[PDB]
file entry.cif (mmCIF, C-alpha atoms and all ligand atoms)
data_start
#
loop_
_atom_site.label_atom_id
_atom_site.label_comp_id
_atom_site.auth_asym_id
_atom_site.auth_seq_id
_atom_site.Cartn_x
_atom_site.Cartn_y
_atom_site.Cartn_z
CA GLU A 40 238.44 143.95 41.07
CA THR A 41 235.76 143.49 38.37
CA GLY A 42 232.85 144.43 40.59
CA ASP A 43 235.09 147.36 41.53
CA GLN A 44 234.33 150.90 40.33
CA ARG A 45 236.77 153.80 39.91
CA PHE A 46 236.34 157.56 40.30
CA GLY A 47 239.47 159.69 39.94
CA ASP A 48 242.12 158.26 42.25
CA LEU A 49 239.48 156.37 44.20
CA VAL A 50 238.18 152.81 44.11
CA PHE A 51 234.69 151.79 45.21
CA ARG A 52 233.48 148.28 46.04
CA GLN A 53 229.92 147.27 46.90
CA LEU A 54 229.84 144.99 49.94
CA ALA A 55 226.08 144.99 50.45
CA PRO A 56 222.89 146.40 48.80
CA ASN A 57 223.38 149.66 50.72
CA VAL A 58 227.05 149.51 51.72
CA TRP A 59 230.15 150.45 49.72
CA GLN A 60 233.82 150.43 50.67
CA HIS A 61 235.86 153.41 49.50
CA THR A 62 239.61 153.01 49.02
CA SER A 63 242.21 155.75 48.67
CA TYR A 64 245.99 155.64 48.29
CA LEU A 65 248.80 157.82 49.62
CA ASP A 66 252.38 157.81 48.36
CA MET A 67 254.65 157.21 51.35
CA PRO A 68 258.46 157.27 50.86
CA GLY A 69 259.91 153.88 51.73
CA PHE A 70 256.73 151.92 51.07
CA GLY A 71 255.05 153.58 48.11
CA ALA A 72 251.28 153.37 47.73
CA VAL A 73 249.36 152.57 50.92
CA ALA A 74 245.66 151.73 50.76
CA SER A 75 243.11 153.04 53.25
CA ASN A 76 239.52 151.79 53.42
CA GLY A 77 236.33 153.47 54.59
CA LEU A 78 232.60 152.92 54.27
CA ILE A 79 229.67 154.52 52.46
CA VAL A 80 226.20 153.65 53.75
CA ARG A 81 222.87 154.45 52.11
CA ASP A 82 220.17 154.91 54.75
CA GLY A 83 216.80 155.78 53.24
CA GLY A 84 217.14 159.01 51.29
CA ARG A 85 220.52 160.00 52.72
CA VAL A 86 224.12 158.79 52.78
CA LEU A 87 226.36 158.12 55.78
CA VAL A 88 230.15 158.15 55.46
CA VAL A 89 232.59 156.31 57.71
CA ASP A 90 236.13 157.77 57.64
CA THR A 91 237.58 160.25 55.16
CA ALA A 92 240.32 159.59 52.64
CA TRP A 93 243.98 160.57 53.11
CA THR A 94 243.46 164.08 51.73
CA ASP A 95 240.82 166.74 51.09
CA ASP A 96 240.95 166.30 47.31
CA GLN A 97 240.52 162.54 47.64
CA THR A 98 237.65 163.09 50.08
CA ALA A 99 236.08 165.54 47.64
CA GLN A 100 236.20 162.80 45.00
CA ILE A 101 234.29 160.51 47.37
CA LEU A 102 231.48 163.05 47.64
CA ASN A 103 231.27 163.53 43.87
CA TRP A 104 231.13 159.78 43.29
CA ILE A 105 228.31 159.56 45.83
CA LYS A 106 226.54 162.39 44.03
CA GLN A 107 227.01 160.72 40.64
CA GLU A 108 226.29 157.09 41.52
CA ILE A 109 223.98 157.21 44.55
CA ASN A 110 222.49 160.68 43.98
CA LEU A 111 221.56 161.15 47.64
CA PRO A 112 222.76 163.88 50.03
CA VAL A 113 225.37 163.01 52.66
CA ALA A 114 223.73 163.56 56.05
CA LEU A 115 226.72 162.91 58.29
CA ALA A 116 230.20 161.44 58.58
CA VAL A 117 231.96 159.57 61.38
CA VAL A 118 235.73 159.15 61.66
CA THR A 119 237.24 156.31 63.67
CA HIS A 120 240.32 158.03 65.16
CA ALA A 121 242.69 160.99 64.88
CA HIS A 122 245.07 159.72 62.19
CA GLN A 123 245.49 160.88 58.60
CA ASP A 124 244.07 157.82 56.83
CA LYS A 125 240.77 158.26 58.68
CA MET A 126 240.69 162.00 59.35
CA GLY A 127 242.82 163.59 56.63
CA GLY A 128 239.91 164.98 54.63
CA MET A 129 237.82 166.70 57.30
CA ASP A 130 238.10 170.09 55.59
CA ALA A 131 236.38 168.70 52.49
CA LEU A 132 233.43 167.41 54.52
CA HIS A 133 232.98 170.76 56.26
CA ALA A 134 233.26 172.64 52.96
CA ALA A 135 230.38 170.49 51.71
CA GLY A 136 228.40 171.33 54.84
CA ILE A 137 228.45 167.78 56.17
CA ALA A 138 227.96 167.23 59.91
CA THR A 139 231.00 165.38 61.23
CA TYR A 140 231.24 163.12 64.28
CA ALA A 141 234.15 161.66 66.23
CA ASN A 142 235.16 160.36 69.64
CA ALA A 143 235.57 163.33 71.98
CA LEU A 144 239.11 162.11 72.59
CA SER A 145 239.78 162.11 68.84
CA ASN A 146 238.67 165.74 68.61
CA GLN A 147 240.85 166.59 71.61
CA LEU A 148 243.87 164.88 70.03
CA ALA A 149 243.25 166.18 66.50
CA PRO A 150 245.33 169.38 66.76
CA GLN A 151 248.31 167.43 68.13
CA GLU A 152 248.06 164.95 65.27
CA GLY A 153 247.71 167.72 62.69
CA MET A 154 244.07 166.91 62.00
CA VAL A 155 240.93 169.04 61.75
CA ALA A 156 238.55 168.18 64.60
CA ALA A 157 235.00 167.01 63.95
CA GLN A 158 232.10 169.35 64.67
CA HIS A 159 230.45 166.98 67.16
CA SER A 160 231.87 164.74 69.88
CA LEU A 161 230.77 161.18 70.64
CA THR A 162 230.87 159.89 74.21
CA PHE A 163 230.64 156.28 75.37
CA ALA A 164 229.36 154.22 78.29
CA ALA A 165 231.56 151.94 80.39
CA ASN A 166 230.42 148.94 78.34
CA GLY A 167 231.73 150.66 75.22
CA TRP A 168 228.47 151.58 73.50
CA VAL A 169 227.96 155.15 72.30
CA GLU A 170 225.68 157.44 74.29
CA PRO A 171 222.58 157.77 72.04
CA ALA A 172 222.22 161.48 72.84
CA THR A 173 225.63 162.14 71.28
CA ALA A 174 224.85 160.18 68.11
CA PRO A 175 221.43 161.38 66.88
CA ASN A 176 219.98 159.93 63.65
CA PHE A 177 222.87 157.54 62.99
CA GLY A 178 220.38 155.12 61.45
CA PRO A 179 221.92 151.64 61.00
CA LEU A 180 225.30 152.78 62.36
CA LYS A 181 226.09 151.16 65.70
CA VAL A 182 229.14 152.92 67.11
CA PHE A 183 231.21 151.05 69.68
CA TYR A 184 234.35 152.01 71.60
CA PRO A 185 236.27 148.78 72.35
CA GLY A 186 238.94 150.49 74.45
CA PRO A 187 242.54 151.54 73.76
CA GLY A 188 244.19 149.53 70.98
CA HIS A 189 245.75 150.88 67.79
CA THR A 190 245.22 154.23 69.47
CA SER A 191 243.50 155.28 72.69
CA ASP A 192 240.61 156.87 70.78
CA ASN A 193 239.87 154.27 68.10
CA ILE A 194 236.20 153.45 67.58
CA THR A 195 234.37 150.83 65.55
CA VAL A 196 231.06 150.79 63.68
CA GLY A 197 228.57 148.03 62.95
CA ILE A 198 225.96 148.22 60.21
CA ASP A 199 222.63 146.87 61.46
CA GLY A 200 220.72 144.89 58.85
CA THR A 201 224.01 143.61 57.46
CA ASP A 202 226.79 141.18 58.35
CA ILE A 203 229.27 144.05 58.29
CA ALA A 204 231.33 145.37 61.18
CA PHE A 205 234.03 147.99 60.63
CA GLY A 206 237.16 147.64 62.76
CA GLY A 207 239.19 150.49 61.29
CA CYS A 208 242.90 150.35 62.10
CA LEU A 209 242.27 148.27 65.22
CA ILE A 210 241.79 145.05 63.25
CA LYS A 211 244.35 143.60 60.86
CA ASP A 212 243.62 140.73 58.46
CA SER A 213 243.92 137.04 59.34
CA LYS A 214 247.16 136.57 57.38
CA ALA A 215 248.87 139.74 58.59
CA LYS A 216 252.30 139.46 60.20
CA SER A 217 252.26 142.79 62.02
CA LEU A 218 249.92 145.14 63.88
CA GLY A 219 251.21 148.10 61.88
CA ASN A 220 251.87 151.41 63.62
CA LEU A 221 252.23 150.86 67.36
CA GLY A 222 253.50 154.41 67.83
CA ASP A 223 250.36 155.61 69.59
CA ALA A 224 249.20 152.15 70.68
CA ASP A 225 248.21 150.76 74.07
CA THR A 226 250.21 147.53 74.29
CA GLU A 227 248.56 146.22 77.47
CA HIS A 228 244.92 146.66 76.47
CA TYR A 229 244.99 146.04 72.72
CA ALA A 230 244.18 142.33 72.93
CA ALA A 231 241.13 142.89 75.12
CA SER A 232 240.01 145.79 72.93
CA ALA A 233 240.18 143.56 69.86
CA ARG A 234 238.14 140.84 71.58
CA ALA A 235 235.68 143.44 72.86
CA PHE A 236 235.07 144.49 69.26
CA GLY A 237 234.29 140.90 68.32
CA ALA A 238 231.95 140.49 71.28
CA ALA A 239 230.16 143.75 70.46
CA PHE A 240 229.23 142.42 67.02
CA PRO A 241 229.00 138.64 67.53
CA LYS A 242 226.88 138.10 64.40
CA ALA A 243 229.14 140.01 62.01
CA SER A 244 230.60 137.65 59.40
CA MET A 245 232.18 140.31 57.19
CA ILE A 246 234.90 142.27 58.98
CA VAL A 247 235.96 145.44 57.17
CA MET A 248 239.27 147.05 58.12
CA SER A 249 241.35 150.03 57.03
CA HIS A 250 244.28 148.43 55.21
CA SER A 251 243.01 145.06 53.99
CA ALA A 252 240.18 143.54 51.96
CA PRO A 253 237.09 142.42 53.94
CA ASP A 254 237.87 139.28 55.95
CA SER A 255 236.08 136.85 58.27
CA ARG A 256 236.07 136.81 62.08
CA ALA A 257 239.49 135.15 61.86
CA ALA A 258 240.90 138.67 61.48
CA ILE A 259 239.62 139.44 64.98
CA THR A 260 241.10 136.26 66.44
CA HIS A 261 244.46 136.69 64.70
CA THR A 262 244.64 140.35 65.72
CA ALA A 263 244.03 139.48 69.37
CA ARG A 264 246.71 136.77 69.47
CA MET A 265 249.28 139.11 67.93
CA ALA A 266 248.37 141.63 70.63
CA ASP A 267 248.72 138.96 73.33
CA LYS A 268 252.43 138.86 72.50
CA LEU A 269 252.64 142.58 73.28
CA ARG A 270 252.20 141.94 77.00
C1 LIG B 301 250.51 153.97 57.98
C2 LIG B 301 249.11 153.40 58.18
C3 LIG B 301 249.16 152.09 58.90
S1 LIG B 301 250.21 150.87 58.44
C4 LIG B 301 249.26 149.75 57.46
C5 LIG B 301 249.11 148.39 58.13
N1 LIG B 301 248.83 147.47 57.02
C6 LIG B 301 249.57 147.98 55.84
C7 LIG B 301 250.82 147.17 55.66
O1 LIG B 301 251.89 147.58 56.06
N2 LIG B 301 250.67 145.98 55.07
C8 LIG B 301 250.43 144.76 55.83
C9 LIG B 301 250.72 145.82 53.63
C10 LIG B 301 249.94 149.43 56.13
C11 LIG B 301 248.26 152.05 59.87
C12 LIG B 301 247.99 151.05 60.73
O2 LIG B 301 248.61 149.97 60.71
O3 LIG B 301 247.08 151.24 61.57
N3 LIG B 301 247.59 153.19 59.92
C13 LIG B 301 248.18 154.22 59.07
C14 LIG B 301 248.85 155.24 59.99
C15 LIG B 301 248.31 155.00 61.37
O4 LIG B 301 247.07 155.03 61.52
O5 LIG B 301 249.11 154.79 62.31
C16 LIG B 301 248.52 156.69 59.65
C17 LIG B 301 249.14 157.16 58.34
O6 LIG B 301 247.10 156.85 59.59
ZN ZN B 302 245.76 155.06 62.97
ZN ZN B 303 245.49 152.88 59.63
#
call {"tool": "encode", "arguments": {"input": "entry.cif", "output": "structure tokens"}}
result
Amino acid sequence: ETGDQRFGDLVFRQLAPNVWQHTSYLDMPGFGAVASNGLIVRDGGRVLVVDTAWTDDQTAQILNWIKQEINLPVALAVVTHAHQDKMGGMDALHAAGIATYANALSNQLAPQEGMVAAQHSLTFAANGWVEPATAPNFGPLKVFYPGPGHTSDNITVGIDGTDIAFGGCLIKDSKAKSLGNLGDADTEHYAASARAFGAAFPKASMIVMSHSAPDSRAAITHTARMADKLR
């Protein structure tokens, strides 16, 4: 909290020399404030964004913080699946002229989920790794599709050069008691998808997720075992 920095309704936390976690909150009746995490990556003389905030205005505040504190242009953005906490601020990115990327399935689902689709579609090989031709100049971002879990389109990102792997809403923390929203979840494949994420980034010691503070690899293990009980 003390290393933490605030801009508007947003909170920013530095996880690494070139990596920040952005956190936004949405008021949801019945629960109140719900936190959603994303990533900001500085790669040379440009900035890469992983996931939007809940809303356009909150996403706009991300961009202005980046402008004020990092003072580098945002080259691209990648969203991890077609839900509001990750894709709710797509209009703000496009208004700023930022190239946006997402799983082709996410872009296909986006209208059904009330989301604005990304400009470009990512495709993946059978082993889960992104097809390089669909993700040009992603720098240190290593995009990996672990398979159907939280949703059928969820993707994960590793930051090369760091110990950081981003699991999005697929991974819950090691002391969680639930897997959250299983409304659009694949109950049979979730456990294997979680373990595939861990195997894709075997050297990652800091696991960043959407709705919890950065945890260890225990978050991956715990998430898988909770998903085992789904089958
Ligand atoms: C609602 C949001 C949730 S629930 C989230 C899970 N951990 C938080 C929680 O309930 N605690 C353990 C404090 C809230 C999830 C999720 O668990 O993946 N994602 C979003 C929703 C969703 O992706 O299904 C929508 C709003 O994006
Ligand atoms: Zn989701
Ligand atoms: Zn979520």
call {"tool": "residues_around", "arguments": {"input": "entry.cif", "residues": "residue 233 of chain A", "least_positions_apart": "4", "cutoff": "10 Å", "atoms": "all atoms listed in the file", "output": "PDB file with C-alpha atoms, keeping the file's coordinate frame"}}
result
ATOM      1  CA  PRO A 185     236.270 148.780  72.350  1.00  0.00           C
ATOM      2  CA  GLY A 186     238.940 150.490  74.450  1.00  0.00           C
ATOM      3  CA  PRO A 187     242.540 151.540  73.760  1.00  0.00           C
ATOM      4  CA  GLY A 188     244.190 149.530  70.980  1.00  0.00           C
ATOM      5  CA  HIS A 189     245.750 150.880  67.790  1.00  0.00           C
ATOM      6  CA  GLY A 206     237.160 147.640  62.760  1.00  0.00           C
ATOM      7  CA  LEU A 209     242.270 148.270  65.220  1.00  0.00           C
ATOM      8  CA  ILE A 210     241.790 145.050  63.250  1.00  0.00           C
ATOM      9  CA  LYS A 211     244.350 143.600  60.860  1.00  0.00           C
ATOM     10  CA  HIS A 228     244.920 146.660  76.470  1.00  0.00           C
ATOM     11  CA  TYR A 229     244.990 146.040  72.720  1.00  0.00           C
ATOM     12  CA  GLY A 237     234.290 140.900  68.320  1.00  0.00           C
ATOM     13  CA  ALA A 238     231.950 140.490  71.280  1.00  0.00           C
ATOM     14  CA  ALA A 258     240.900 138.670  61.480  1.00  0.00           C
ATOM     15  CA  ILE A 259     239.620 139.440  64.980  1.00  0.00           C
ATOM     16  CA  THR A 260     241.100 136.260  66.440  1.00  0.00           C
ATOM     17  CA  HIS A 261     244.460 136.690  64.700  1.00  0.00           C
ATOM     18  CA  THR A 262     244.640 140.350  65.720  1.00  0.00           C
ATOM     19  CA  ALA A 263     244.030 139.480  69.370  1.00  0.00           C
ATOM     20  CA  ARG A 264     246.710 136.770  69.470  1.00  0.00           C
ATOM     21  CA  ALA A 266     248.370 141.630  70.630  1.00  0.00           C
TER      22      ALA A 266
END
call {"tool": "closest_residue", "arguments": {"input": "entry.cif", "among": "A:76, A:251, A:142, A:176", "to": "residue 215 of chain A", "atoms": "only C-alpha atoms"}}
result
A:251
call {"tool": "closest_residue", "arguments": {"input": "entry.cif", "among": "A:55, A:239, A:86, A:50", "to": "residue 110 of chain A", "atoms": "all atoms listed in the file"}}
result
A:86
call {"tool": "residues_around", "arguments": {"input": "entry.cif", "residues": "residue 127 of chain A", "least_positions_apart": "5", "cutoff": "7 Å", "atoms": "only C-alpha atoms", "output": "number ranges by chain"}}
result
A: 91-95, 154
call {"tool": "residues_near_ligand", "arguments": {"input": "entry.cif", "ligand": "ligand ZN 302 (chain B)", "cutoff": "7 Å", "atoms": "only C-alpha atoms and all ligand atoms", "output": "ChimeraX atom specification"}}
result
/A:120-122,124,189-190,208
call {"tool": "closest_residue", "arguments": {"input": "entry.cif", "among": "A:241, A:222, A:167, A:42", "to": "ligand LIG 301 (chain B)", "atoms": "all atoms listed in the file"}}
result
A:222
call {"tool": "axis_aligned_box", "arguments": {"input": "entry.cif", "around": "ligand LIG 301 (chain B)", "padding_each_side": "5 Å", "output": "JSON"}}
result
{"center_x": 249.5, "center_y": 151.0, "center_z": 58.0, "size_x": 14.8, "size_y": 22.4, "size_z": 18.7}
call {"tool": "atom_distance", "arguments": {"input": "entry.cif", "atom1": "atom CA of residue 196 of chain A", "atom2": "atom CA of residue 119 of chain A"}}
result
8.3 Å
call {"tool": "closest_residue", "arguments": {"input": "entry.cif", "among": "A:247, A:182, A:218, A:114", "to": "ligand LIG 301 (chain B)", "atoms": "all atoms listed in the file"}}
result
A:218
call {"tool": "atom_distance", "arguments": {"input": "entry.cif", "atom1": "atom CA of residue 193 of chain A", "atom2": "atom CA of residue 232 of chain A"}}
result
9.8 Å
call {"tool": "residues_around", "arguments": {"input": "entry.cif", "residues": "residue 169 of chain A", "least_positions_apart": "4", "cutoff": "12 Å", "atoms": "only C-alpha atoms", "output": "PDB file with C-alpha atoms, in the frame of the given file"}}
result
ATOM      1  CA  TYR A 140     231.240 163.120  64.280  1.00  0.00           C
ATOM      2  CA  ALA A 141     234.150 161.660  66.230  1.00  0.00           C
ATOM      3  CA  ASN A 142     235.160 160.360  69.640  1.00  0.00           C
ATOM      4  CA  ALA A 143     235.570 163.330  71.980  1.00  0.00           C
ATOM      5  CA  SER A 160     231.870 164.740  69.880  1.00  0.00           C
ATOM      6  CA  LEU A 161     230.770 161.180  70.640  1.00  0.00           C
ATOM      7  CA  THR A 162     230.870 159.890  74.210  1.00  0.00           C
ATOM      8  CA  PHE A 163     230.640 156.280  75.370  1.00  0.00           C
ATOM      9  CA  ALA A 164     229.360 154.220  78.290  1.00  0.00           C
ATOM     10  CA  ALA A 165     231.560 151.940  80.390  1.00  0.00           C
ATOM     11  CA  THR A 173     225.630 162.140  71.280  1.00  0.00           C
ATOM     12  CA  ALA A 174     224.850 160.180  68.110  1.00  0.00           C
ATOM     13  CA  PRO A 175     221.430 161.380  66.880  1.00  0.00           C
ATOM     14  CA  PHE A 177     222.870 157.540  62.990  1.00  0.00           C
ATOM     15  CA  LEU A 180     225.300 152.780  62.360  1.00  0.00           C
ATOM     16  CA  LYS A 181     226.090 151.160  65.700  1.00  0.00           C
ATOM     17  CA  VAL A 182     229.140 152.920  67.110  1.00  0.00           C
ATOM     18  CA  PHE A 183     231.210 151.050  69.680  1.00  0.00           C
ATOM     19  CA  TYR A 184     234.350 152.010  71.600  1.00  0.00           C
ATOM     20  CA  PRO A 185     236.270 148.780  72.350  1.00  0.00           C
ATOM     21  CA  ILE A 194     236.200 153.450  67.580  1.00  0.00           C
ATOM     22  CA  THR A 195     234.370 150.830  65.550  1.00  0.00           C
ATOM     23  CA  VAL A 196     231.060 150.790  63.680  1.00  0.00           C
ATOM     24  CA  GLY A 197     228.570 148.030  62.950  1.00  0.00           C
ATOM     25  CA  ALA A 239     230.160 143.750  70.460  1.00  0.00           C
TER      26      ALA A 239
END
call {"tool": "residues_around", "arguments": {"input": "entry.cif", "residues": "residue 57 of chain A", "least_positions_apart": "4", "cutoff": "12 Å", "atoms": "all atoms listed in the file", "output": "number ranges by chain"}}
result
A: 52-53, 78-88, 109, 179, 198-203
call {"tool": "atom_distance", "arguments": {"input": "entry.cif", "atom1": "atom CA of residue 117 of chain A", "atom2": "atom CA of residue 99 of chain A"}}
result
15.5 Å
call {"tool": "closest_residue", "arguments": {"input": "entry.cif", "among": "A:108, A:223, A:90, A:48", "to": "residue 152 of chain A", "atoms": "all atoms listed in the file"}}
result
A:223
call {"tool": "closest_residue", "arguments": {"input": "entry.cif", "among": "A:77, A:65, A:106, A:244", "to": "ligand LIG 301 (chain B)", "atoms": "all atoms listed in the file"}}
result
A:65
call {"tool": "build_atoms", "arguments": {"input": "entry.cif", "residues": "segment 206-228 of chain A", "atoms": "N, CA and C atoms", "output": "PDB file, keeping the file's coordinate frame"}}
result
ATOM      1  N   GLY A 206     236.191 147.625  61.674  1.00  0.00           N
ATOM      2  CA  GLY A 206     237.160 147.640  62.760  1.00  0.00           C
ATOM      3  C   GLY A 206     238.200 148.740  62.652  1.00  0.00           C
ATOM      4  N   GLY A 207     238.233 149.419  61.511  1.00  0.00           N
ATOM      5  CA  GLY A 207     239.190 150.490  61.290  1.00  0.00           C
ATOM      6  C   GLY A 207     240.624 149.987  61.318  1.00  0.00           C
ATOM      7  N   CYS A 208     241.490 150.714  62.018  1.00  0.00           N
ATOM      8  CA  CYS A 208     242.900 150.350  62.100  1.00  0.00           C
ATOM      9  C   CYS A 208     243.186 149.497  63.328  1.00  0.00           C
ATOM     10  N   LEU A 209     242.135 149.145  64.061  1.00  0.00           N
ATOM     11  CA  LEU A 209     242.270 148.270  65.220  1.00  0.00           C
ATOM     12  C   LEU A 209     242.470 146.824  64.774  1.00  0.00           C
ATOM     13  N   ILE A 210     241.740 146.428  63.737  1.00  0.00           N
ATOM     14  CA  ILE A 210     241.790 145.050  63.250  1.00  0.00           C
ATOM     15  C   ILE A 210     242.645 144.916  62.002  1.00  0.00           C
ATOM     16  N   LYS A 211     243.570 143.963  62.035  1.00  0.00           N
ATOM     17  CA  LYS A 211     244.350 143.600  60.860  1.00  0.00           C
ATOM     18  C   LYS A 211     243.859 142.254  60.343  1.00  0.00           C
ATOM     19  N   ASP A 212     244.169 141.934  59.090  1.00  0.00           N
ATOM     20  CA  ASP A 212     243.620 140.730  58.460  1.00  0.00           C
ATOM     21  C   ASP A 212     244.232 139.450  59.024  1.00  0.00           C
ATOM     22  N   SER A 213     243.587 138.324  58.728  1.00  0.00           N
ATOM     23  CA  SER A 213     243.920 137.040  59.340  1.00  0.00           C
ATOM     24  C   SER A 213     245.276 136.474  58.928  1.00  0.00           C
ATOM     25  N   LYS A 214     245.863 137.031  57.874  1.00  0.00           N
ATOM     26  CA  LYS A 214     247.160 136.570  57.380  1.00  0.00           C
ATOM     27  C   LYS A 214     248.231 137.643  57.542  1.00  0.00           C
ATOM     28  N   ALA A 215     247.904 138.693  58.287  1.00  0.00           N
ATOM     29  CA  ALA A 215     248.870 139.740  58.590  1.00  0.00           C
ATOM     30  C   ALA A 215     249.999 139.195  59.454  1.00  0.00           C
ATOM     31  N   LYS A 216     251.142 139.872  59.423  1.00  0.00           N
ATOM     32  CA  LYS A 216     252.300 139.460  60.200  1.00  0.00           C
ATOM     33  C   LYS A 216     252.687 140.535  61.203  1.00  0.00           C
ATOM     34  N   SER A 217     251.985 141.661  61.141  1.00  0.00           N
ATOM     35  CA  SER A 217     252.260 142.790  62.020  1.00  0.00           C
ATOM     36  C   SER A 217     250.966 143.471  62.455  1.00  0.00           C
ATOM     37  N   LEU A 218     251.067 144.352  63.445  1.00  0.00           N
ATOM     38  CA  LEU A 218     249.920 145.140  63.880  1.00  0.00           C
ATOM     39  C   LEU A 218     250.049 146.579  63.381  1.00  0.00           C
ATOM     40  N   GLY A 219     251.000 146.799  62.479  1.00  0.00           N
ATOM     41  CA  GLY A 219     251.210 148.100  61.880  1.00  0.00           C
ATOM     42  C   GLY A 219     251.824 149.102  62.842  1.00  0.00           C
ATOM     43  N   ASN A 220     251.348 150.341  62.779  1.00  0.00           N
ATOM     44  CA  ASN A 220     251.870 151.410  63.620  1.00  0.00           C
ATOM     45  C   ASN A 220     251.476 151.241  65.084  1.00  0.00           C
ATOM     46  N   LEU A 221     252.464 150.964  65.926  1.00  0.00           N
ATOM     47  CA  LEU A 221     252.230 150.860  67.360  1.00  0.00           C
ATOM     48  C   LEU A 221     252.758 152.096  68.070  1.00  0.00           C
ATOM     49  N   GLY A 222     252.963 153.163  67.301  1.00  0.00           N
ATOM     50  CA  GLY A 222     253.500 154.410  67.830  1.00  0.00           C
ATOM     51  C   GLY A 222     252.625 155.054  68.880  1.00  0.00           C
ATOM     52  N   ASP A 223     251.316 155.035  68.649  1.00  0.00           N
ATOM     53  CA  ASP A 223     250.360 155.610  69.590  1.00  0.00           C
ATOM     54  C   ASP A 223     249.464 154.518  70.167  1.00  0.00           C
ATOM     55  N   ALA A 224     250.001 153.307  70.278  1.00  0.00           N
ATOM     56  CA  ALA A 224     249.200 152.150  70.680  1.00  0.00           C
ATOM     57  C   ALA A 224     249.305 151.835  72.162  1.00  0.00           C
ATOM     58  N   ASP A 225     248.239 151.247  72.695  1.00  0.00           N
ATOM     59  CA  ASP A 225     248.210 150.760  74.070  1.00  0.00           C
ATOM     60  C   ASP A 225     248.509 149.261  74.058  1.00  0.00           C
ATOM     61  N   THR A 226     249.739 148.905  74.413  1.00  0.00           N
ATOM     62  CA  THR A 226     250.210 147.530  74.290  1.00  0.00           C
ATOM     63  C   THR A 226     249.522 146.568  75.262  1.00  0.00           C
ATOM     64  N   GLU A 227     249.147 147.069  76.434  1.00  0.00           N
ATOM     65  CA  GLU A 227     248.560 146.220  77.470  1.00  0.00           C
ATOM     66  C   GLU A 227     247.102 145.874  77.195  1.00  0.00           C
ATOM     67  N   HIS A 228     246.370 146.799  76.584  1.00  0.00           N
ATOM     68  CA  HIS A 228     244.920 146.660  76.470  1.00  0.00           C
ATOM     69  C   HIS A 228     244.428 146.296  75.067  1.00  0.00           C
TER      70      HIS A 228
END
